[PDB]
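First up is the structure itself, then whatever we jot down about it.
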Amino acid sequence: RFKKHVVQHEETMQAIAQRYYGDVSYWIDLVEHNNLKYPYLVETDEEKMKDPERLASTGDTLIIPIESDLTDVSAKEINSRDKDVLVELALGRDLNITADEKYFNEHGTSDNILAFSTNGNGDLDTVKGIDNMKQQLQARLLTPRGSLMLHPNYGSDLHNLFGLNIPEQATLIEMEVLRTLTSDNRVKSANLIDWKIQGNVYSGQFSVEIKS
Amino acid sequence: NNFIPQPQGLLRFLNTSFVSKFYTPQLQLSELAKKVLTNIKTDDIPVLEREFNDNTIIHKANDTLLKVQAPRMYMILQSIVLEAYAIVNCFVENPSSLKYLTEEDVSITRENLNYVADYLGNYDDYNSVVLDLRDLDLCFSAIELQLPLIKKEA
Amino acid sequence: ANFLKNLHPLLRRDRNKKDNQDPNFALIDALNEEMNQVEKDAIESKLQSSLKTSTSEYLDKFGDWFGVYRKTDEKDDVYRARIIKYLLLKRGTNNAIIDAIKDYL
Amino acid sequence: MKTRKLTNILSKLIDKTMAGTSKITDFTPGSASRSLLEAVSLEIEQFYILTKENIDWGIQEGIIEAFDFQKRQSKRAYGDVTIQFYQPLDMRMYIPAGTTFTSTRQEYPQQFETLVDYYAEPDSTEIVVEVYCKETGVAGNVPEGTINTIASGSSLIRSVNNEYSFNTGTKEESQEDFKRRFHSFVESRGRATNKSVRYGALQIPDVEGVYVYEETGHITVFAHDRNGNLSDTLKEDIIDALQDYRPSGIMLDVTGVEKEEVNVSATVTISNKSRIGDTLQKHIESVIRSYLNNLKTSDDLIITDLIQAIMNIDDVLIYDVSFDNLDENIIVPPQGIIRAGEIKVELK
Amino acid sequence: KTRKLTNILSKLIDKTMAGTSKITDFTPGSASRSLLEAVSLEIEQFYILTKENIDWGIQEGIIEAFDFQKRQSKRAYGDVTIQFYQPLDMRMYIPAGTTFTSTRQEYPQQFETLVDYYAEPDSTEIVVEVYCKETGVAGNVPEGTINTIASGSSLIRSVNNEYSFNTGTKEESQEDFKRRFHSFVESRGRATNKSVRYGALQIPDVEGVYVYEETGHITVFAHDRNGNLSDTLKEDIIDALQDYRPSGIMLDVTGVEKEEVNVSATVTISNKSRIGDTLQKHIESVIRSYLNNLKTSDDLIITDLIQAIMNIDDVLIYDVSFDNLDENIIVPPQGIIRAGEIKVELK
Numbered sequence: 002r003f004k005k006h007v008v009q010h011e012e013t014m015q016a017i018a019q020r021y022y023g024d025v026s027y028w029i030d031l032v033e034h035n036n037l038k039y040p041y042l043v044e045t046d047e048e049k050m051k052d053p054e055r056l057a058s059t060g061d062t063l064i065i066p067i068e069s070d071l072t073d074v075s076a077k078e079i080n081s082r083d084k085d086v087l088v089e090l091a092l093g094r095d096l097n098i099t100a101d102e103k104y105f106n107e108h109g110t111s112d113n114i115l116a117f118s119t120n121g122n123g124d125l126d127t128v129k130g131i132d133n134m135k136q137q138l139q140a141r142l143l144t145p146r147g148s149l150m151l152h153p154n155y156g157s158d159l160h161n162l163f164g165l166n167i168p169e170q171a172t173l174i175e176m177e178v179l180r181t182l183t184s185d186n187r188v189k190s191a192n193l194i195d196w197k198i199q200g201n202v203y204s205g206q207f208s209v210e211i212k213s
Numbered sequence: 002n003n004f005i006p007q008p009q010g011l012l013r014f015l016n017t035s036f037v038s039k040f041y042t043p044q045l046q047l048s049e050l051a052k053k054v055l056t057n058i059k060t061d062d063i064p065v066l067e068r069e070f071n072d073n074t075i076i077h078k079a080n081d082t083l084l085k086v087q088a089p090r091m092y093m094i095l096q097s098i099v100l101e102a103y104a105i106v107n108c109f110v111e112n113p114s115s116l117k118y119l120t121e122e123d124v125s126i127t128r129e130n131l132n133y134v135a136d137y138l139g140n141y142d143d144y145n146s147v148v149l150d151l152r153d154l155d156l157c158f159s160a161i162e163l164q165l166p167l168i169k170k171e172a
Numbered sequence: 002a003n004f005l006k007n008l009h010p011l012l013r014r015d016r017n018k019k020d021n022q023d024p025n026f027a028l029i030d031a032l033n034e035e036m037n038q039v040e041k042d043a044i045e046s047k048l049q050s051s052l053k054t055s056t057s058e059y060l061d062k063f064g065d066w067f068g069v070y071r072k073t074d075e076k077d078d079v080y081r082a083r084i085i086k087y088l089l090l091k092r093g094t095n096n097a098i099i100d101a102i103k104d105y106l
Numbered sequence: 001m002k003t004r005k006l007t008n009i010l011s012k013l014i015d016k017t018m019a020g021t022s023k024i025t026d027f028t029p030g031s032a033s034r035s036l037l038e039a040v041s042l043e044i045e046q047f048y049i050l051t052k053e054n055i056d057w058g059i060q061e062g063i064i065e066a067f068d069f070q071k072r073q074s075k076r077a078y079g080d081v082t083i084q085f086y087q088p089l090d091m092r093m094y095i096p097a098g099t100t101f102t103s104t105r106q107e108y109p110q111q112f113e114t115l116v117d118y119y120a121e122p123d124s125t126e127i128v129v130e131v132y133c134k135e136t137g138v139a140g141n142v143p144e145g146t147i148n149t150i151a152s153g154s155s156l157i158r159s160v161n162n163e164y165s166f167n168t169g170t171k172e173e174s175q176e177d178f179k180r181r182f183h184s185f186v187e188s189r190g191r192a193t194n195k196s197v198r199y200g201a202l203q204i205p206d207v208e209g210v211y212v213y214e215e216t217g218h219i220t221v222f223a224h225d226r227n228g229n230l231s232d233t234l235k236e237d238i239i240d241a242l243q244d245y246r247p248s249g250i251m252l253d254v255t256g257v258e259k260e261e262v263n264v265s266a267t268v269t270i271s272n273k274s275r276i277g278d279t280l281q282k283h284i285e286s287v288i289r290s291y292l293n294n295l296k297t298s299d300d301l302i303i304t305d306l307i308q309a310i311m312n313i314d315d316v317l318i319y320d321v322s323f324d325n326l327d328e329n330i331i332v333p334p335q336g337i338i339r340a341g342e343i344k345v346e347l348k
Numbered sequence: 002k003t004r005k006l007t008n009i010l011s012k013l014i015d016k017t018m019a020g021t022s023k024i025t026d027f028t029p030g031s032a033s034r035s036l037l038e039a040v041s042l043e044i045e046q047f048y049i050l051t052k053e054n055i056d057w058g059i060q061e062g063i064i065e066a067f068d069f070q071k072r073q074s075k076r077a078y079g080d081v082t083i084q085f086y087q088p089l090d091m092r093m094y095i096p097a098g099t100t101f102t103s104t105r106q107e108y109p110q111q112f113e114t115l116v117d118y119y120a121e122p123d124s125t126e127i128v129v130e131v132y133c134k135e136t137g138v139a140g141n142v143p144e145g146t147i148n149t150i151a152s153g154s155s156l157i158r159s160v161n162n163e164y165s166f167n168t169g170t171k172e173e174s175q176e177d178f179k180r181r182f183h184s185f186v187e188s189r190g191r192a193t194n195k196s197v198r199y200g201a202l203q204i205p206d207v208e209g210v211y212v213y214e215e216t217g218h219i220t221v222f223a224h225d226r227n228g229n230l231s232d233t234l235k236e237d238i239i240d241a242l243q244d245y246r247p248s249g250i251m252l253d254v255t256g257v258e259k260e261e262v263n264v265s266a267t268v269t270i271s272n273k274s275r276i277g278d279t280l281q282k283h284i285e286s287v288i289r290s291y292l293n294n295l296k297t298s299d300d301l302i303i304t305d306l307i308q309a310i311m312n313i314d315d316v317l318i319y320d321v322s323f324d325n326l327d328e329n330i331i332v333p334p335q336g337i338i339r340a341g342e343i344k345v346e347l348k
């Protein structure tokens with residue numbers, strides 16, 4: 002895992018390692034992760050134009066490992082070249098099945114609702130990054146608790162919670178949604194920020210803390 | 002060779035117009051195969067005075083008439099075993115043989131493995147060998163992804 | 002065995018009438034056809050698994066097991082009957098040895 | 001029910017998949033759909049192969065079950081040893097069954113034990129007893145002069161040694177052997193036939209070689225173990241078990257075995273002019289010995305069979321073989337058996 | 002060898018105390034201690050700079066002299082031109098980091114502008130350099146693909162790239178860099194058998210070349226082209242091999258001949274019930290395939306033929322013999338064995 006950062010005006014590479022990891026001494030290993038040539042951070046972009054991929058300048062992103070992966074040579078090699086592909090790999094890659102986004106939001110808690118799609122040309126669509134995490138939360142919420150053919154106790158009792166719209170039913174629904182969202186270890190916490198009623202319609206929203 | 006001996010049958014096997039719709043070979047000897055093969059050819063190697071494990075893939079190839087029916091494809095199998103044999107030796111002993119194998123050398127072995135696997139499918143005498151080689155076809159791909167990474171680690 | 006049963010409930014299980022081309026269903030139909038064809042082979046292997054109905058390679062295997070070698074240009078129907086007769090060979094008595102002349106005539 | 005190789009399956013699968021749309025036709029190795037379909041076709045190929053193998057195993061098992069002709073299990077190794085006393089004996093001393101014999105050599109730690117008692121006659125000086133190996137397989141085939149000690153008190157015994165090698169220690173019978181045995185069993189259902197008496201006398205597990213000689217009014221049976229020595233207990237067991245296949249109106253006798261001796265001299269031109277030392281010659285002599293000793297009474301020495309056996313070595317090494325003495329096939333008499341005598345091998 | 006922060010700072014402290022008597026306080030916060038720490042940090046950075054330079058040198062710097070090129074995963078870039086409806090009347094701004102998205106749906110490639118550009122007051126067209134986001138060969142795009150800009154404007158009409166992106170680059174391992182160098186050095190060998198063989202194989206339509214060496218003459222013959230050699234190829238390869246032949250040694254090139262063998266073998270089978278047309282056909286096919294696959298100048302030893310024909314099945318075959326083959330047949334160096342007529346009798 003890693004933290005994101007950006008190059009500030011005339012910040013030296015010594016200064017970053019000292020602020021995040023404490024000891025300045027660690028900058029030496031920290032430059033290999035960002036694959037930098039000797040002018041590790043340089044102010045001017047027309048100087049980055051010298052050989053763009055092997056440098057960082059003012060306004061560019063940087064990668065900051067956690068201290069345990071700082072010394073790992075494999076983490077060094079991977080972070081050297083992958084660069085922005087970090088987030089995608091770290092959140093993982095999967096087949097996209099939100100083909101009919103307008104449609105699956107008309108019949109949730111019913112089956113047969115999702116389907117493969119095609120993007121690009123001649124290849125099934127795929128999803129990655131934060132979109133993948135959303136899609137997976139979405140599918141997990143719209144699936145009943147014991148309906149996947151292996152590893153059951155997956156999904157929700159959202160199909161079971163339909164009731165007289167009195168507030169206790171609404172707190173129950175809130176708690177089920179929060180449990181469902183907090184099931185995945187990748188997510189830190191969820192919390193409600195609004196619940197709202199319109200006769201026979203529930204509405205509400207939840208904030209979820211995704212790890213960096 | 003430096004640490005332990007090897008079976009007599011494997012030493013004897015190793016010293017020495036069909037087309038697929040998906041594959042074509044090229045008969046490159048890998049750099050590590052090139053120098054390990056000379057040692058096998060020379061007598062400077064320990065060897066055992068008895069043989070066991072008759073279920074190995076080597077005896078399977080020997081039992082079938084693949085030598086006389088298709089000596090081309092018999093040759094390719096020897097090449098597959100030569101690369102596959104060497105990359106087993108370096109991890110268990112003599113690490114100094116590293117930085118003499120590249121992902122391109124390991125990649126083309128799958129090309130040659132599947133180019134022979136289609137041919138083997140045309141005669142269901144060789145099913146026992148077919149079954150074996152398919153298991154190794156996924157084994158090499160893992161080594162190709164990790165070989166550039168392992169080399170930097172070591 | 003039923004690939005359209007026995008699966009993730011959300012993957013749609015019959016084609017979209019709404020538009021012409023549905024890759025999802027094309028994939029599911031191809032896979033279902035392949036594994037149905039596999040099932041049909043595995044059911045069809047009942048006849049091959051018994052000497053009374055084994056044919057082609059499996060009957061030659063049976064005949065090699067019993068030792069009775071297939072004659073050149075011999076059909077399975079007569080080859081099975083030959084095997085059955087040879088397994089129940091009747092020889093050792095003078096009448097049986099004479100009666101064995103039918104196989105040497 | 002037939003094989004279908006991976007690429008055949010994969011092609012049929014993609015061909016079906018492309019029906020009804022044209023937003024899929026891109027199957028480079030990097031594509032994920034290709035990888036999934038390759039994996040499915042790999043699994044279907046393995047399924048077909050395992051199905052065919054399991055069918056063969058089912059056929060074999062039904063053949064077992066129908067006629068109750070179970071495959072021979074692991075066969076014990078046994079032979080003879082010589083006990084040597086310090087002096088000729090003073091009393092009718094006795095060895096009990098289940099006395100242990102062990103070889104002092106570290107490379108053959110396998111033990112041996114006796115099964116029937118023996119009494120040593122007074123004023124005798126040596127005695128030959130039979131020992132059976134606890135372990136079963138290849139490890140019982142120890143070389144000559146391997147069993148040195150009796151692993152006990154050995155107060156009146158000086159040393160123990162064996163003059164002959166153990167050859168009866170064998171591994172489990174392969175499929176081919178079982179098929180050969182079963183084809184003789186199927187052909188042996190009619191009694192009063194030589195091929196029937198073959199199975200008749202081969203039914204004992206210990207017997208390996210067996211031959212039957214016939215004449216106008218008498219039948220004779222010649223059989224032996226892998227070592228090549230008939231025993232009285234084996235003859236008795238043969239007589240007891242063979243009653244159900246013996247001809248009614250014709251006498252039968254089970255006896256008669258002789259070791260025919262021949263000296264083999266061959267000339268081998270190795271392709272490599274280097275590495276033509278007597279070490280490889282020792283290996284070649286040991287292979288020739290193992291080949292010749294493996295024959296039985298019913299087999300006969302053939303030049304071409306010997307050539308095949310010795311040329312099992314890779315033809316790149318050995319380029320030519322010739323015999324200086326052997327120029328015609330030798331016909332073994334029915335009672336005798338051909339085996340290696342003193343062998344001499346040289347380069348040129 | 003490189004020394005760390007601590008050693009340099011400690012040497013500076015010790016030398017200051019040895020020289021200077023004025024200075025005695027070195028708490029964290031002294032202007033003098035942090036002056037020394039700044040000096041030490043810059044020295045350590047220069048040490049790491051030399052370390053990286055030495056690493057590059059040992060890795061590829063000695064080899065750079067020789068005729069080879071190194072690749073460093075440089076992302077693809079190429080000139081791109083933009084057009085407007087009318088000439089401008091203002092100095093329009095073009096920020097760094099501007100994204101030029103692919104117009105084709107099938108191409109997910111994207112590109113970004115590293116440096117800012119300022120349109121002229123009245124120029125109707127301007128060309129800028131754009132670098133791809135994705136490294137490797139995947140960043141290559143055909144001509145006439147980049148025709149959309151994320152930061153669109155009313156004045157902007159369309160975008161096009163006349164020249165294709167050729168600067169796509171992929172980096173291999175040190176072994177791949179070293180192997181081509183080894184192959185080039187090895188290829189410079191001459192006046193040897195292996196070098197002559199390589200130099201013959203360099204020209205196309207040369208395969209399975211065989212070399213025969215003698216103190217007197219050197220003779221080379223091959224069956225490269227469909228089993229035959231043509232006169233024109235002989236003339237061409239004679240001229241090529243002049244650079245490879247040894248000085249003062251004669252060189253000769255000739256064709257390849259074949260010797261068809263006639264054999265009528267007999268095979269005894271233990272179980273005569275097994276015999277059939279298919280069995281003898283298969284035996285004849287195995288024999289003819291074995292006799293066809295013979296190496297150049299390979300003597301037809303009867304012993305190997307016996308081994309080969311008997312190894313079909315040891316239980317099946319009991320005895321074998323050849324009616325019309327007396328001993329082993331010796332062949333010249335230029336001769337190759339072929340199957341003329343084969344017949345197999347079953348006994």
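Line by line, the protein sequences are chains A, B, C, D and E. No gaps in the numbering here: position 102 of the first sequence is 103 in the UniProt record's numbering, and each next residue is one more. All letters in the second sequence, in the order written, are residues 2 to 17, 35 to 172 by the UniProt record's numbering. No gaps in the numbering here: position 38 of the third sequence is 39 in the UniProt record's numbering, and each next residue is one more. No gaps in the numbering here: position 238 of the fourth sequence is 238 in the UniProt record's numbering, and each next residue is one more. No gaps in the numbering here: position 78 of the fifth sequence is 79 in the UniProt record's numbering, and each next residue is one more. Note that beta-carbon positions come from the ideal geometry of N, C-alpha and C, so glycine has one too.
Beta-carbon neighbours of residue i, restricted to chain B and to distances below 8 Å
i, result
"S174(E)", "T120, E121, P166, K169"
Candidates the options, of which the one nearest residue i by Cα
i, options, result
"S265(E)", "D327(E), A223(E), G217(E)", "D327(E)"
"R158(E)", "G256(E), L89(E), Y245(E)", "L89(E)"
"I284(D)", "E67(B), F14(B), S35(B)", "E67(B)"
"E49(B)", "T120(B), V37(B), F14(B)", "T120(B)"
Neighbour list for residue i in chain A, Cβ cutoff strictly below 7 Å
i, result
"residue 352(E)", "This structure gives no information on residue 352(E), because the portion of chain E shown stretches from 2 to 348."
Chain B contact residues for residue i, given Cβ-Cβ distances below 9 Å
i, result
"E78(A)", "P166, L167, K170, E171"
"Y199(E)", "Under the 9 Å cutoff, chain B gives no residues; its nearest Cβ is about 14 Å from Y199(E)."
Partners in chain D for residue i, counting only beta-carbon separations shorter than 8 Å
i, result
"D124(A)", "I24, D26, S31, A32, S33"
"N312(E)", "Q308"
Interface residues of chain E facing residue i [CB-CB closer than 9 Å]
i, result
"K49(A)", "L115, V116"
Amino acids of chain A, ordered along the chain, whose beta-carbon sits closer than 8 Å to that of residue i
i, result
"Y132(E)", "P53"
Quick check: the stretch 54-70 of chain B against the stretch 121-133 of chain D, are there 3 or more CB pairs under 8 Å? Taking 8 Å as the limit for Cβ pairs, the verdict is that the stretch 121-133 of chain D does not touch the stretch 54-70 of chain B.
Report yes or no: do three or more beta-carbon pairs, one from the stretch 243-261 of chain E and one from the stretch 208-219 of chain E, lie closer than 8 Å? Yes: at least three Cβ pairs fall under 8 Å.
For the structure I just gave you, are there three or more beta carbon pairs, one from the stretch 188-201 of chain E and one from the stretch 306-325 of chain E, closer than 8 Å? Taking a contact to require three or more Cβ pairs closer than 8 Å, the stretch 188-201 of chain E and the stretch 306-325 of chain E do not qualify as touching.
If contact is defined by three or more beta carbon pairs under 8 Å, each pair taking one atom from either stretch, is the stretch 118-129 of chain A in contact with the stretch 92-102 of chain A? Result yes; three or more Cβ-Cβ pairs closer than 8 Å.
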